[PDB]
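Enquirer: Contents are PDB, N, CA and C atoms; file name structure-v9.pdb:
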ATOM      1  N   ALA M   1       7.386  -7.870  -1.371  1.00  0.00           N
ATOM      2  CA  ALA M   1       6.343  -7.498  -2.371  1.00  0.00           C
ATOM      3  C   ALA M   1       5.949  -6.028  -2.201  1.00  0.00           C
ATOM      4  N   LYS M   2       5.557  -5.384  -3.272  1.00  0.00           N
ATOM      5  CA  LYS M   2       5.158  -3.947  -3.184  1.00  0.00           C
ATOM      6  C   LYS M   2       3.727  -3.760  -3.697  1.00  0.00           C
ATOM      7  N   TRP M   3       3.206  -2.562  -3.604  1.00  0.00           N
ATOM      8  CA  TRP M   3       1.814  -2.303  -4.086  1.00  0.00           C
ATOM      9  C   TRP M   3       1.764  -0.962  -4.816  1.00  0.00           C
ATOM     10  N   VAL M   4       1.628  -0.983  -6.116  1.00  0.00           N
ATOM     11  CA  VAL M   4       1.586   0.298  -6.879  1.00  0.00           C
ATOM     12  C   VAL M   4       0.159   0.843  -6.966  1.00  0.00           C
ATOM     13  N   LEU M   5       0.036   2.143  -6.992  1.00  0.00           N
ATOM     14  CA  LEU M   5      -1.303   2.784  -7.086  1.00  0.00           C
ATOM     15  C   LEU M   5      -1.519   3.261  -8.530  1.00  0.00           C
ATOM     16  N   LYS M   6      -2.273   2.516  -9.301  1.00  0.00           N
ATOM     17  CA  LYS M   6      -2.515   2.884 -10.740  1.00  0.00           C
ATOM     18  C   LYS M   6      -2.899   4.362 -10.910  1.00  0.00           C
ATOM     19  N   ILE M   7      -3.445   4.978  -9.893  1.00  0.00           N
ATOM     20  CA  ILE M   7      -3.845   6.415 -10.016  1.00  0.00           C
ATOM     21  C   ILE M   7      -2.616   7.298 -10.266  1.00  0.00           C
ATOM     22  N   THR M   8      -1.584   7.147  -9.470  1.00  0.00           N
ATOM     23  CA  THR M   8      -0.362   7.995  -9.658  1.00  0.00           C
ATOM     24  C   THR M   8       0.909   7.139  -9.758  1.00  0.00           C
ATOM     25  N   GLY M   9       0.940   5.997  -9.118  1.00  0.00           N
ATOM     26  CA  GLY M   9       2.156   5.131  -9.181  1.00  0.00           C
ATOM     27  C   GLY M   9       2.816   5.056  -7.799  1.00  0.00           C
ATOM     28  N   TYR M  10       2.064   5.286  -6.751  1.00  0.00           N
ATOM     29  CA  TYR M  10       2.643   5.216  -5.372  1.00  0.00           C
ATOM     30  C   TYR M  10       2.911   3.742  -5.020  1.00  0.00           C
ATOM     31  N   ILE M  11       4.084   3.436  -4.518  1.00  0.00           N
ATOM     32  CA  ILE M  11       4.406   2.013  -4.178  1.00  0.00           C
ATOM     33  C   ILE M  11       4.578   1.822  -2.669  1.00  0.00           C
ATOM     34  N   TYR M  12       3.816   0.935  -2.082  1.00  0.00           N
ATOM     35  CA  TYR M  12       3.974   0.658  -0.626  1.00  0.00           C
ATOM     36  C   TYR M  12       4.970  -0.498  -0.485  1.00  0.00           C
ATOM     37  N   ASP M  13       6.123  -0.238   0.071  1.00  0.00           N
ATOM     38  CA  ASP M  13       7.133  -1.322   0.226  1.00  0.00           C
ATOM     39  C   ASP M  13       6.769  -2.181   1.434  1.00  0.00           C
ATOM     40  N   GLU M  14       5.940  -3.173   1.219  1.00  0.00           N
ATOM     41  CA  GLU M  14       5.506  -4.066   2.338  1.00  0.00           C
ATOM     42  C   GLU M  14       6.713  -4.655   3.079  1.00  0.00           C
ATOM     43  N   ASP M  15       7.864  -4.693   2.452  1.00  0.00           N
ATOM     44  CA  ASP M  15       9.071  -5.238   3.147  1.00  0.00           C
ATOM     45  C   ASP M  15       9.418  -4.330   4.330  1.00  0.00           C
ATOM     46  N   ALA M  16       9.138  -3.059   4.198  1.00  0.00           N
ATOM     47  CA  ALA M  16       9.426  -2.097   5.302  1.00  0.00           C
ATOM     48  C   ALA M  16       8.112  -1.583   5.889  1.00  0.00           C
ATOM     49  N   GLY M  17       7.116  -1.417   5.059  1.00  0.00           N
ATOM     50  CA  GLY M  17       5.804  -0.912   5.545  1.00  0.00           C
ATOM     51  C   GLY M  17       5.583   0.509   5.030  1.00  0.00           C
ATOM     52  N   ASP M  18       5.687   1.487   5.894  1.00  0.00           N
ATOM     53  CA  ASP M  18       5.476   2.906   5.468  1.00  0.00           C
ATOM     54  C   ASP M  18       5.746   3.852   6.647  1.00  0.00           C
ATOM     55  N   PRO M  19       6.976   4.292   6.770  1.00  0.00           N
ATOM     56  CA  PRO M  19       7.336   5.220   7.873  1.00  0.00           C
ATOM     57  C   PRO M  19       6.607   6.558   7.709  1.00  0.00           C
ATOM     58  N   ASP M  20       6.130   6.857   6.523  1.00  0.00           N
ATOM     59  CA  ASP M  20       5.387   8.135   6.312  1.00  0.00           C
ATOM     60  C   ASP M  20       3.954   7.978   6.825  1.00  0.00           C
ATOM     61  N   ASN M  21       3.425   6.780   6.763  1.00  0.00           N
ATOM     62  CA  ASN M  21       2.036   6.537   7.255  1.00  0.00           C
ATOM     63  C   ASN M  21       2.061   5.977   8.689  1.00  0.00           C
ATOM     64  N   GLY M  22       3.222   5.912   9.315  1.00  0.00           N
ATOM     65  CA  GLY M  22       3.307   5.374  10.711  1.00  0.00           C
ATOM     66  C   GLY M  22       2.717   3.962  10.751  1.00  0.00           C
ATOM     67  N   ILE M  23       3.392   3.009  10.160  1.00  0.00           N
ATOM     68  CA  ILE M  23       2.861   1.614  10.140  1.00  0.00           C
ATOM     69  C   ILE M  23       3.895   0.620  10.681  1.00  0.00           C
ATOM     70  N   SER M  24       3.455  -0.579  10.962  1.00  0.00           N
ATOM     71  CA  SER M  24       4.377  -1.629  11.493  1.00  0.00           C
ATOM     72  C   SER M  24       5.431  -2.002  10.436  1.00  0.00           C
ATOM     73  N   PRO M  25       6.615  -2.360  10.890  1.00  0.00           N
ATOM     74  CA  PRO M  25       7.694  -2.747   9.946  1.00  0.00           C
ATOM     75  C   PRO M  25       7.389  -4.117   9.334  1.00  0.00           C
ATOM     76  N   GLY M  26       7.243  -4.186   8.033  1.00  0.00           N
ATOM     77  CA  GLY M  26       6.932  -5.492   7.383  1.00  0.00           C
ATOM     78  C   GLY M  26       5.447  -5.785   7.576  1.00  0.00           C
ATOM     79  N   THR M  27       4.605  -5.056   6.896  1.00  0.00           N
ATOM     80  CA  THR M  27       3.136  -5.257   7.043  1.00  0.00           C
ATOM     81  C   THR M  27       2.501  -5.580   5.683  1.00  0.00           C
ATOM     82  N   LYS M  28       1.837  -6.703   5.583  1.00  0.00           N
ATOM     83  CA  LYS M  28       1.174  -7.078   4.301  1.00  0.00           C
ATOM     84  C   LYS M  28       0.122  -6.025   3.929  1.00  0.00           C
ATOM     85  N   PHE M  29       0.317  -5.311   2.841  1.00  0.00           N
ATOM     86  CA  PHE M  29      -0.683  -4.263   2.429  1.00  0.00           C
ATOM     87  C   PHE M  29      -2.100  -4.848   2.399  1.00  0.00           C
ATOM     88  N   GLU M  30      -2.217  -6.119   2.116  1.00  0.00           N
ATOM     89  CA  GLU M  30      -3.566  -6.761   2.080  1.00  0.00           C
ATOM     90  C   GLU M  30      -4.082  -7.032   3.505  1.00  0.00           C
ATOM     91  N   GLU M  31      -3.296  -6.738   4.517  1.00  0.00           N
ATOM     92  CA  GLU M  31      -3.750  -6.985   5.917  1.00  0.00           C
ATOM     93  C   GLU M  31      -3.773  -5.681   6.733  1.00  0.00           C
ATOM     94  N   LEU M  32      -3.337  -4.576   6.163  1.00  0.00           N
ATOM     95  CA  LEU M  32      -3.346  -3.286   6.925  1.00  0.00           C
ATOM     96  C   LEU M  32      -4.782  -2.952   7.371  1.00  0.00           C
ATOM     97  N   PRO M  33      -4.908  -2.156   8.411  1.00  0.00           N
ATOM     98  CA  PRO M  33      -6.248  -1.791   8.918  1.00  0.00           C
ATOM     99  C   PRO M  33      -6.812  -0.606   8.131  1.00  0.00           C
ATOM    100  N   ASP M  34      -8.053  -0.261   8.368  1.00  0.00           N
ATOM    101  CA  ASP M  34      -8.661   0.893   7.638  1.00  0.00           C
ATOM    102  C   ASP M  34      -7.953   2.198   8.014  1.00  0.00           C
ATOM    103  N   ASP M  35      -7.207   2.202   9.094  1.00  0.00           N
ATOM    104  CA  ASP M  35      -6.475   3.443   9.490  1.00  0.00           C
ATOM    105  C   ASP M  35      -5.468   3.830   8.396  1.00  0.00           C
ATOM    106  N   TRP M  36      -5.153   2.922   7.497  1.00  0.00           N
ATOM    107  CA  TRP M  36      -4.185   3.249   6.410  1.00  0.00           C
ATOM    108  C   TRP M  36      -4.941   3.730   5.170  1.00  0.00           C
ATOM    109  N   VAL M  37      -4.545   4.849   4.617  1.00  0.00           N
ATOM    110  CA  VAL M  37      -5.240   5.377   3.407  1.00  0.00           C
ATOM    111  C   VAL M  37      -4.411   6.504   2.776  1.00  0.00           C
ATOM    112  N   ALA M  38      -3.960   6.304   1.563  1.00  0.00           N
ATOM    113  CA  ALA M  38      -3.137   7.350   0.876  1.00  0.00           C
ATOM    114  C   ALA M  38      -3.923   8.669   0.770  1.00  0.00           C
ATOM    115  N   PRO M  39      -3.288   9.694   0.234  1.00  0.00           N
ATOM    116  CA  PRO M  39      -3.967  11.010   0.094  1.00  0.00           C
ATOM    117  C   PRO M  39      -5.077  10.927  -0.963  1.00  0.00           C
ATOM    118  N   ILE M  40      -5.511  12.049  -1.493  1.00  0.00           N
ATOM    119  CA  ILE M  40      -6.610  12.039  -2.522  1.00  0.00           C
ATOM    120  C   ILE M  40      -6.329  11.010  -3.633  1.00  0.00           C
ATOM    121  N   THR M  41      -5.085  10.844  -4.006  1.00  0.00           N
ATOM    122  CA  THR M  41      -4.747   9.860  -5.081  1.00  0.00           C
ATOM    123  C   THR M  41      -4.769   8.432  -4.520  1.00  0.00           C
ATOM    124  N   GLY M  42      -5.917   7.803  -4.529  1.00  0.00           N
ATOM    125  CA  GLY M  42      -6.020   6.411  -3.997  1.00  0.00           C
ATOM    126  C   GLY M  42      -6.211   6.467  -2.483  1.00  0.00           C
ATOM    127  N   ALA M  43      -6.624   5.382  -1.878  1.00  0.00           N
ATOM    128  CA  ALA M  43      -6.828   5.384  -0.395  1.00  0.00           C
ATOM    129  C   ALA M  43      -7.049   3.953   0.135  1.00  0.00           C
ATOM    130  N   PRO M  44      -8.115   3.302  -0.298  1.00  0.00           N
ATOM    131  CA  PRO M  44      -8.388   1.921   0.178  1.00  0.00           C
ATOM    132  C   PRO M  44      -7.370   0.933  -0.401  1.00  0.00           C
ATOM    133  N   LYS M  45      -7.601  -0.342  -0.216  1.00  0.00           N
ATOM    134  CA  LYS M  45      -6.648  -1.373  -0.736  1.00  0.00           C
ATOM    135  C   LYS M  45      -7.025  -1.772  -2.158  1.00  0.00           C
ATOM    136  N   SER M  46      -8.286  -2.011  -2.380  1.00  0.00           N
ATOM    137  CA  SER M  46      -8.762  -2.423  -3.741  1.00  0.00           C
ATOM    138  C   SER M  46      -8.327  -1.413  -4.812  1.00  0.00           C
ATOM    139  N   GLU M  47      -8.029  -0.197  -4.424  1.00  0.00           N
ATOM    140  CA  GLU M  47      -7.604   0.829  -5.424  1.00  0.00           C
ATOM    141  C   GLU M  47      -6.102   0.719  -5.738  1.00  0.00           C
ATOM    142  N   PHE M  48      -5.432  -0.296  -5.240  1.00  0.00           N
ATOM    143  CA  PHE M  48      -3.973  -0.447  -5.526  1.00  0.00           C
ATOM    144  C   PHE M  48      -3.741  -1.639  -6.460  1.00  0.00           C
ATOM    145  N   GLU M  49      -2.504  -2.036  -6.628  1.00  0.00           N
ATOM    146  CA  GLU M  49      -2.186  -3.193  -7.502  1.00  0.00           C
ATOM    147  C   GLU M  49      -0.803  -3.741  -7.142  1.00  0.00           C
ATOM    148  N   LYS M  50      -0.727  -4.994  -6.766  1.00  0.00           N
ATOM    149  CA  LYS M  50       0.595  -5.597  -6.384  1.00  0.00           C
ATOM    150  C   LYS M  50       1.626  -5.405  -7.502  1.00  0.00           C
ATOM    151  N   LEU M  51       2.828  -5.881  -7.293  1.00  0.00           N
ATOM    152  CA  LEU M  51       3.893  -5.729  -8.333  1.00  0.00           C
ATOM    153  C   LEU M  51       4.010  -6.993  -9.196  1.00  0.00           C
ATOM    154  N   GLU M  52       3.396  -8.084  -8.790  1.00  0.00           N
ATOM    155  CA  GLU M  52       3.485  -9.347  -9.590  1.00  0.00           C
ATOM    156  C   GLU M  52       3.096  -9.097 -11.055  1.00  0.00           C
ATOM    157  N   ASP M  53       3.678  -9.833 -11.968  1.00  0.00           N
ATOM    158  CA  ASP M  53       3.357  -9.641 -13.412  1.00  0.00           C
ATOM    159  C   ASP M  53       1.863  -9.871 -13.664  1.00  0.00           C
TER     160      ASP M  53
END
Would you kindly transcribe this structure into C-alpha cells?
Expert:
Amino acid sequence: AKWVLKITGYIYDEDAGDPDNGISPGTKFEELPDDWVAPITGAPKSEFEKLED
C-alpha cells in the first residue's frame, strides 16, 4: 500500500518504507512515529491519503 500527499503528490511506498527519511523497511505509514514528517509540503499523517479507491 502507498500514501499520496494531496498537497504535491508525494507517495510513501510502505512496502519499502522511505530510505530518504531513514525508516524501517516495510513500515505502515499509519504506524510511523512523529519522527517522520515530509518537508514544507505536508508533514503529519492526517495530511496524506492512502492509494485505495
Enquirer: Skip residue 40 in chain M itself and residues of its chain fewer than 5 positions away, then list as a list in words all residues within 12 Å of it, counting only C-alpha atoms.
Expert: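 Non-adjacent residues within range: residues 5, 7, 8, 10 and 47 of chain M.
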Enquirer: Put those residues in a file: N, CA and C atoms, as a PDB file, in the coordinates of the input.
Expert:
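Output file selection_29.pdb follows:
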ATOM      1  N   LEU M   5       0.036   2.143  -6.992  1.00  0.00           N
ATOM      2  CA  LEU M   5      -1.303   2.784  -7.086  1.00  0.00           C
ATOM      3  C   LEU M   5      -1.519   3.261  -8.530  1.00  0.00           C
ATOM      4  N   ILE M   7      -3.445   4.978  -9.893  1.00  0.00           N
ATOM      5  CA  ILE M   7      -3.845   6.415 -10.016  1.00  0.00           C
ATOM      6  C   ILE M   7      -2.616   7.298 -10.266  1.00  0.00           C
ATOM      7  N   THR M   8      -1.584   7.147  -9.470  1.00  0.00           N
ATOM      8  CA  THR M   8      -0.362   7.995  -9.658  1.00  0.00           C
ATOM      9  C   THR M   8       0.909   7.139  -9.758  1.00  0.00           C
ATOM     10  N   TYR M  10       2.064   5.286  -6.751  1.00  0.00           N
ATOM     11  CA  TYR M  10       2.643   5.216  -5.372  1.00  0.00           C
ATOM     12  C   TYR M  10       2.911   3.742  -5.020  1.00  0.00           C
ATOM     13  N   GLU M  47      -8.029  -0.197  -4.424  1.00  0.00           N
ATOM     14  CA  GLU M  47      -7.604   0.829  -5.424  1.00  0.00           C
ATOM     15  C   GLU M  47      -6.102   0.719  -5.738  1.00  0.00           C
TER      16      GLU M  47
END
Enquirer: What's the 12 Å shell around residue 38 in chain M, counting only C-alpha atoms, without same-chain residues fewer than 6 positions away, as JSON, numbers by chain?
Expert: {"M": [3, 4, 5, 7, 8, 9, 10, 11, 12, 18, 20, 21, 22, 29, 44, 45, 47, 48]}
Enquirer: Could you pull out the strand (DSSP E) residues of chain M from DSSP and send them as a PDB file with N, CA and C atoms, in the coordinates of the input?
Expert:
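File out.pdb, as written:
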ATOM      1  N   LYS M   2       5.557  -5.384  -3.272  1.00  0.00           N
ATOM      2  CA  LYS M   2       5.158  -3.947  -3.184  1.00  0.00           C
ATOM      3  C   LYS M   2       3.727  -3.760  -3.697  1.00  0.00           C
ATOM      4  N   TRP M   3       3.206  -2.562  -3.604  1.00  0.00           N
ATOM      5  CA  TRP M   3       1.814  -2.303  -4.086  1.00  0.00           C
ATOM      6  C   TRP M   3       1.764  -0.962  -4.816  1.00  0.00           C
ATOM      7  N   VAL M   4       1.628  -0.983  -6.116  1.00  0.00           N
ATOM      8  CA  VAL M   4       1.586   0.298  -6.879  1.00  0.00           C
ATOM      9  C   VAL M   4       0.159   0.843  -6.966  1.00  0.00           C
ATOM     10  N   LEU M   5       0.036   2.143  -6.992  1.00  0.00           N
ATOM     11  CA  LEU M   5      -1.303   2.784  -7.086  1.00  0.00           C
ATOM     12  C   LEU M   5      -1.519   3.261  -8.530  1.00  0.00           C
ATOM     13  N   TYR M  10       2.064   5.286  -6.751  1.00  0.00           N
ATOM     14  CA  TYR M  10       2.643   5.216  -5.372  1.00  0.00           C
ATOM     15  C   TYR M  10       2.911   3.742  -5.020  1.00  0.00           C
ATOM     16  N   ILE M  11       4.084   3.436  -4.518  1.00  0.00           N
ATOM     17  CA  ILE M  11       4.406   2.013  -4.178  1.00  0.00           C
ATOM     18  C   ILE M  11       4.578   1.822  -2.669  1.00  0.00           C
ATOM     19  N   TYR M  12       3.816   0.935  -2.082  1.00  0.00           N
ATOM     20  CA  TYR M  12       3.974   0.658  -0.626  1.00  0.00           C
ATOM     21  C   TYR M  12       4.970  -0.498  -0.485  1.00  0.00           C
ATOM     22  N   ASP M  13       6.123  -0.238   0.071  1.00  0.00           N
ATOM     23  CA  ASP M  13       7.133  -1.322   0.226  1.00  0.00           C
ATOM     24  C   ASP M  13       6.769  -2.181   1.434  1.00  0.00           C
ATOM     25  N   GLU M  49      -2.504  -2.036  -6.628  1.00  0.00           N
ATOM     26  CA  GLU M  49      -2.186  -3.193  -7.502  1.00  0.00           C
ATOM     27  C   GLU M  49      -0.803  -3.741  -7.142  1.00  0.00           C
ATOM     28  N   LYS M  50      -0.727  -4.994  -6.766  1.00  0.00           N
ATOM     29  CA  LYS M  50       0.595  -5.597  -6.384  1.00  0.00           C
ATOM     30  C   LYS M  50       1.626  -5.405  -7.502  1.00  0.00           C
TER      31      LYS M  50
END
Enquirer: Could you give me, as a ChimeraX atom specification, the residues within 9 Å of residue 16 in chain M, counting only C-alpha atoms and dropping anything in the same chain fewer than 6 positions from it?
Expert: /M:23-27
Enquirer: Restricted to N, CA and C atoms, what would the selected residues look like written as a PDB file, in the frame of the given file?
Expert:
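This went into out_39.pdb:
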ATOM      1  N   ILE M  23       3.392   3.009  10.160  1.00  0.00           N
ATOM      2  CA  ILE M  23       2.861   1.614  10.140  1.00  0.00           C
ATOM      3  C   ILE M  23       3.895   0.620  10.681  1.00  0.00           C
ATOM      4  N   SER M  24       3.455  -0.579  10.962  1.00  0.00           N
ATOM      5  CA  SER M  24       4.377  -1.629  11.493  1.00  0.00           C
ATOM      6  C   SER M  24       5.431  -2.002  10.436  1.00  0.00           C
ATOM      7  N   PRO M  25       6.615  -2.360  10.890  1.00  0.00           N
ATOM      8  CA  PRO M  25       7.694  -2.747   9.946  1.00  0.00           C
ATOM      9  C   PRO M  25       7.389  -4.117   9.334  1.00  0.00           C
ATOM     10  N   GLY M  26       7.243  -4.186   8.033  1.00  0.00           N
ATOM     11  CA  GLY M  26       6.932  -5.492   7.383  1.00  0.00           C
ATOM     12  C   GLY M  26       5.447  -5.785   7.576  1.00  0.00           C
ATOM     13  N   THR M  27       4.605  -5.056   6.896  1.00  0.00           N
ATOM     14  CA  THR M  27       3.136  -5.257   7.043  1.00  0.00           C
ATOM     15  C   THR M  27       2.501  -5.580   5.683  1.00  0.00           C
TER      16      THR M  27
END
Enquirer: What box, with edges along x, y and z, holds each listed atom of range 16-31 of chain M when 4 Å is added on every side, and can you state its centre and edge lengths in Å to one decimal, as JSON?
Expert:
{"center_x": 2.7, "center_y": 0.5, "center_z": 6.8, "size_x": 21.5, "size_y": 23.2, "size_z": 17.4}
Enquirer: Just how far from CA of residue 15 in chain M is CA of residue 36 in chain M, in Å to one decimal?
Expert: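 Atom-to-atom, CA of residue 36 in chain M to CA of residue 15 in chain M, that is 16.1 Å.
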Enquirer: Mind pulling up the distance from atom C of residue 50 in chain M to atom C of residue 1 in chain M?
Expert: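 About the pair atom C of residue 1 in chain M and atom C of residue 50 in chain M: they are 6.9 Å apart.
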Enquirer: One decimal, in Å: what's the spacing between CA of residue 17 in chain M and CA of residue 53 in chain M?
Expert: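 Separation between CA of residue 17 in chain M and CA of residue 53 in chain M: 21.0 Å.
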Enquirer: Out of M:39, M:33, M:28, M:2, which residue has the shortest atom-to-atom distance to residue 52 in chain M when counting only N, CA and C atoms?
Expert: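 Result for the nearest residue to residue 52 in chain M: M:2.
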